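So you can see what is in the structure, the chains are spelled out below.
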Amino acid sequence: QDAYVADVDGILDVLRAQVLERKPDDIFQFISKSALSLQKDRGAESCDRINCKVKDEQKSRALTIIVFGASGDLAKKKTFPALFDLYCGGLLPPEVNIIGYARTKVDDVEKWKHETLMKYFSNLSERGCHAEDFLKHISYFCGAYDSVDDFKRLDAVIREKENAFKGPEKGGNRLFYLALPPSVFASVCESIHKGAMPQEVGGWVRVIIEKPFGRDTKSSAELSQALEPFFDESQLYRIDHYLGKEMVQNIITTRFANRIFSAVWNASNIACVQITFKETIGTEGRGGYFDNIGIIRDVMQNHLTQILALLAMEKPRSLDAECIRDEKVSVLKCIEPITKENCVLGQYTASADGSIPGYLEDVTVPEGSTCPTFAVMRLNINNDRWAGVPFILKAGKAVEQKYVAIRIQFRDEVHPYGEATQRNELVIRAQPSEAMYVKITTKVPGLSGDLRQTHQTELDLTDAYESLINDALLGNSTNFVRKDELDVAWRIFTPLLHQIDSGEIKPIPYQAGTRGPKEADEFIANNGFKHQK
Amino acid sequence: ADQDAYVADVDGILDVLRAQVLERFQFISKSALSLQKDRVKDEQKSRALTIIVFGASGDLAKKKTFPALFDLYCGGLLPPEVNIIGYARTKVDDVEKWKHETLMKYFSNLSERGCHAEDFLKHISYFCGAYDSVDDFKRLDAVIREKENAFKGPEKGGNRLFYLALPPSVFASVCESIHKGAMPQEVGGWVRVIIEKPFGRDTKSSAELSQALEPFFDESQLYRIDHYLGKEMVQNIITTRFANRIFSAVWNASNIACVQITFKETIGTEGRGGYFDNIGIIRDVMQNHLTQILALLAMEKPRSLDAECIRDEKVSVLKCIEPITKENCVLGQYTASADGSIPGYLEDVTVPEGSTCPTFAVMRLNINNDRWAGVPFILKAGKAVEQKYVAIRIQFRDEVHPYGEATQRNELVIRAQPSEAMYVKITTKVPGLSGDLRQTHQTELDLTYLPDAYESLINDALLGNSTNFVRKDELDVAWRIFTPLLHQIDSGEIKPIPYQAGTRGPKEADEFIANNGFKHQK
Ligand SMILES: O=P(O)(O)OC[C@H]1O[C@@H](O)[C@H](O)[C@@H](O)[C@@H]1O
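Residues numbered from 1 in each chain as written, not as in the entry; some residues may be left out. Chains lettered and ligands numbered in written order. Heavy atoms only, no water.

What the deposited record gives as its method is X-ray crystallography, and the resolution it gives is 3.30 Å.

Using the following cut-off: UniProt positions are given in the numbering used here, feature names are shortened, and annotations may be inferred rather than shown by experiment.
Looking at the PDB entry, one finds chain B named Glucose-6-phosphate 1-dehydrogenase and attributed to Leishmania donovani. As recorded in the PDB, this entry has the title "Leishmania donovani Glucose 6-Phosphate Dehydrogenase complexed with Glucose 6-Phosphate". Regarding chain B, the relevant UniProt record gives this comment under Function (unreviewed entry): "Catalyzes the rate-limiting step of the oxidative pentose-phosphate pathway, which represents a route for the dissimilation of carbohydrates besides glycolysis. The main function of this enzyme is to provide reducing power (NADPH) and pentose phosphates for fatty acid and nucleic acid synthesis." The UniProt entry for chain B carries the following comment under Sequence similarities (unreviewed entry): "Belongs to the glucose-6-phosphate dehydrogenase family."

As annotated in the PDB entry, chain A carries the name Glucose-6-phosphate 1-dehydrogenase and is attributed to Leishmania donovani. In UniProt, chain A has this text filed under Function (unreviewed entry): "Catalyzes the rate-limiting step of the oxidative pentose-phosphate pathway, which represents a route for the dissimilation of carbohydrates besides glycolysis. The main function of this enzyme is to provide reducing power (NADPH) and pentose phosphates for fatty acid and nucleic acid synthesis."

Listed below in structure tokens is the structure:
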């Protein structure tokens, strides 16, 4: 009896959240349709069948997935659970070999997999009863990241499994995951180049790189130069959290598969472009790690710029991965480096109710830090398509809501309807929930009147990490940052980053839970952005 | 009044019960138990208002005109002292009974509106006269002037709205009779005349009739009604097209590849083939309604939101059309359905033997102006087809690069009946696996969110806007598009293709549509 009340109460709060994000102006009809979407979301789940949707090419050669730092935090929370989810869906070959590689000694190996790895398997994956069947593919290798001799032994271990493959293709494909700090990558790749390359008889090698790719142009070019003598770009897969989201991948399709959007994607129709990233959480007591990164290096240099490239890129000659990336780097060469006056920075303080402590109230943050936890800036693309178009990138910690979306405003509708209408908007939201809607003006369906009584109406339309790993198995480099793409990305931000490190610009304080500095919203308004709400 | 208050309710209840019972009693018992559980601007009140419905004894007035007037009062859109006068040819010595047994019978939703029905009929009076007697219109004017002077308001006089629910052969006499006997008082008041039935059958026939009414009423007083010009989605065409930059920038020949305006009905002529045989499907709906839609689609941006500014642009684009010719038209005539439920058109006894009247017609129009040059506009209408469907389908040119056969052409659909809908068909990638991104699917982008069209038309007439009313110049330019073709049809140069009822029509129709820039992918 006591258990009944919790479920009905837990459901309505989810129902309340949905009717507040979609904002349907016919209140009654939406809740009925939205409610039926989540009824099948929790129920109707069984553990009877595992349909492997793998291509005939994937089962031809043995596959080996090596996760370096398997005892680490990133491997246990995200890397291994995603491999489990991929396996649950039947996306791994039946004879996949997974090897955990770490420095740490582990006795009672099976206890560790069940007590450490299985512990972080998610409740949403808990409807999997074949977890024991999945762990059968996992083995543990204790070695150092600097020993070519250990890699020769690892190679003997992988070769044992590779030669035991019951398929036509010989050799074996090897996907290496570096769930490690960036200071180790050059050492592991040198060691992998000398000790654990794929067999000469057949098999490719691919390396996934996770942690930040430097902190400036020089740091990244030094790091990219360390790996060039070992791996080309068809082998290096620089991963990104957002590129795997379906709505971000769909931007290429919504823009270029449709003439309606194609014809207005220029300066002659587009008036203001905004790419916003909002989080409710602060630094959560680990502000010391963030003090050396800043909000710009964290999410604006890599993720938001990755988004901005997909919006402004020219038409690729084809849908091939590197053809798409070429246009991605080419538009990133049409940008001007961000300047000091085109940037407004912020740093969050304690909340009004005191629930969220300030950034400087953290003991791990150095005293007198000018590290930004908020930044809004305008970029300029100098080409025939985007000349004069404002591109606003915004990122902020401990703000009024967690919200990640694109909001494009089209050119002001030149007076056939006057003030009765406003600017058209195209919205692409990826977080908290996927949604893509267009805001246009229609007449109010009550009476004809003067036809000046109109209303703004929206035209709605409804895991990332694991899909990206699969693209790596599938060899889809479309959603991975390229070397030239990374260096030209860095050249946009480094002059400003150097000015930030020398103290030329300092963040404006703002209480947690607000939108941020008052000057930021003014700066956005001063750069072609207007709203009527 | 301890007896009249009981009797008035008892009379109001039973008169509602009679209207509803159409089938072969026990229903009156069920309805009583259902009814047992059932528990304006200052300018509008400045002058008296008088609504005259000519031809009240006709089918159109009793079924459609007066029931719609009831809805205007239910919505609270009529002034509290409005005076409605029913004018008809036949004398009926059933003064109060006729209002309850004939007019109320066709009122809708009598299970909630039967308590304001008695207050509505109190505004209705009946005048029996001839449509040709200046003396009678003098007597009618003397009845109206008494109520006008009995108005408790600052402004004197009164406004008079005349409705001609009559065949067109009676219009010239009634407008002449109004001009000599029942014009508004010299102290104040406007006059407006609503005209419904077809305005001739060609350019000349329409021209003779338009010349007949000019010596009696100008264009600010003549409100030529059109059923669809008041439709919510058709009225919305002007807003969605110009209030939004997204649509404005693609509304030309550079982005648009084919436009289709389709009107589909499942019923045949329903044993009334004799009346339709002399009209044809082109004059019935294609010359007036579909072209009224077509005018709103191809009009340029009006200089303002003023009514005549919009109608000027409505006329200006209809003058850029070339008259439809014989090779750009496929006609059809329906035969008995495959299920036998719908008898053939020639199976009607009221239809002449060997008749070539079209029950189906698709034709292409060419608009020669900068915005639409080369854009095919297909107008299609058909009786006794696979479904009742009335919509606009604009197909844009798909840029193949860089998606090729993985994408198709974007579509804009605006449906007004049977159900309101405005959606865009685009291709997005399938939200499954990333794969090659060539795995896409065509997804439609639907629009999310008193009512009836006829009622709104009357109000716009009461408000005096005239945006949604056919203009004199607009009518002449509309006919000159269709008249050369109708003459070739009336001379037998083109003959309809037989097709069984329930199908899409003749197979040659779909070929003609396919041969003019329109593609399907299913
Ligand atoms: O005018 P019709 O074709 O007889 O049908 C009723 C129509 O009347 C209109 O005025 C209504 O808005 C529509 O709901 C409907 O399409």
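Remarks on the overall build of chain B
Filter applied, for reference: Secondary structure is summarised from DSSP: a helix means a run of H or I of at least four residues, a strand means a run of E of at least two, and numbering begins at the N terminus for each. Remark: exposure states derive from per-residue accessible area (1.4 Å probe, protein chains only) relative to the maximum for the residue type, with buried under 20%, exposed over 50%, and partly exposed in between. Using a 1.4 Å probe, the Shrake-Rupley method yields the accessible areas, and only the shown protein chains count as cover for residues. Charge counting follows a simple rule: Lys and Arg are positive, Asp and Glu are negative, and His as well as the terminal groups are ignored. Charge coordinates come from a single atom per side chain, which is NZ of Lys, CZ of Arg, CG of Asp or CD of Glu.
Summing up its helical and strand segments, chain B has 17 helices and 15 strands in all. For chain B, with 522 residues in total, the buried portion stands at 54%. Surface exposure of chain B reaches about 23700 Å², of which carbon and sulfur atoms provide 51%. Positive and negative side-chain charges in chain B, numbering 63 and 72 respectively, have mean positions lying 3 Å apart.

Observations regarding the interface of chain A and chain B
As a reminder, the rule being used: Contact criterion: two residues are considered in contact whenever any of their non-hydrogen atoms come within 4.5 Å of each other. Accessible surface is computed with a 1.4 Å probe, and the buried area is the amount of it that two parts give up when combined, taken over both parts together. Salt bridge criterion: a side-chain nitrogen from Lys or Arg within 4 Å of a carboxyl oxygen from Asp or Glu. Polar contact is the term for a pair of N or O atoms within 3.5 Å; when the atoms are in protein, one must be able to donate a hydrogen and the other to accept it, and sequence-neighboring residues count only if both atoms are side-chain atoms.
In this assembly, 54 residues from chain A lie in contact with 54 residues from chain B. Together, the buried faces of chain A and chain B total about 5300 Å²; carbon and sulfur atoms form 58% of this surface. One salt bridge connects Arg259(A) with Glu399(B), and the closest N-O pair in it is separated by 2.9 Å. Between chain A and chain B we count 27 residue pairs in polar contact in total.

Concerning the UniProt feature "binding site: beta-D-glucose 6-phosphate 1" (unreviewed entry) in chain B
Residues and elements named next belong to chain B. Using the residue numbers shown here, the UniProt feature "binding site: beta-D-glucose 6-phosphate 1" (unreviewed entry) corresponds to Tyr228, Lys231, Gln417 and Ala453. Tracing the sequence through the fold places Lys231 in the loop between strand 6 (222-224) and helix 10 (232-242). Residue classification places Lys231 among the buried positions, given a relative accessible area of 16%. Filtering out sequence-adjacent residues up to four positions away, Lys231 remains in contact with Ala416, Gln417 and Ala453. Assignment of secondary structure puts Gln417 in strand 12 (residues 411-417). Not counting residues up to four positions away in its chain, the partners in contact with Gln417 are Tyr228, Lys231, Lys388, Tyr389 and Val390.

Quick notes on the UniProt feature "binding site: beta-D-glucose 6-phosphate 2" (unreviewed entry) in chain B
Residues and elements named next belong to chain B. Feature annotation in UniProt assigns "binding site: beta-D-glucose 6-phosphate 2" (unreviewed entry) to the following positions: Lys231, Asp452, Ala453 and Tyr454. By the secondary structure assignment, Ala453 is in helix 15 (residues 453-462). Looking at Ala453, the relative accessible area reads 14%, which means it is buried. With residues up to four places along the chain from it excluded, the contact list for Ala453 reads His227, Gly230 and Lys231. With respect to the helices and strands, the residue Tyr454 is situated in helix 15. Among the residues examined, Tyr454 registers a relative accessible area of 6% and is labelled buried.

Looking at the packing of helix 7 (residues 134-149) of chain B against helix 8 (residues 171-181) of chain B
All names here are of chain B. Put simply, the rule reads: Here, axes are lines fitted to C-alpha atoms. For helices the fit covers the stretch in contact, and angles between N-to-C directions go from 0 to 180 degrees. Roughly parallel refers to an angle under 35 degrees, roughly antiparallel to one over 145, roughly perpendicular to one between 65 and 115, and oblique to any angle outside these ranges. Helix crossings fall into two classes, left-handed where the near helix is turned counterclockwise from the far one by less than a right angle and right-handed where it is turned clockwise. Residues are grouped as follows: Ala, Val, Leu, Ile, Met, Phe, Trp, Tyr, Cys and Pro are nonpolar; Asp, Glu, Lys and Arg are charged; all remaining types, including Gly, are polar.
At a closest axis distance of 9 Å, the pairing of helix 7 and helix 8 adopts a crossing angle of 60°. The pairing of helix 7 with helix 8 is recorded here as oblique in orientation. For the crossing formed where helix 7 meets helix 8, the hand is right-handed. On helix 8, the residues that touch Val134, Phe137, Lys138 and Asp141 of helix 7 are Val174, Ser177, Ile178, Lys180 and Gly181. Among the residues forming the contact of helix 7 with helix 8, the class breakdown is 4 nonpolar, 2 polar and 3 charged.

Considering the pairing of strand 11 (residues 403-410) of chain A
Residues and elements named next belong to chain A. In plain terms, the rule: Two strands are said to pair when DSSP picks up at least two bridges between them.
Strand 11 sits mainly inside the fold: 7 of its 8 residues count as buried. As paired elements, strand 7 (residues 270-278) and strand 11 share 8 bridges and run antiparallel to each other. Along strand 11, the bridge assignment pairs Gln274 with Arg407. With 6 bridges connecting them, strand 11 and strand 12 (residues 425-431) associate as antiparallel partners. Paired with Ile408 across the two strands is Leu426, which belongs to strand 12.

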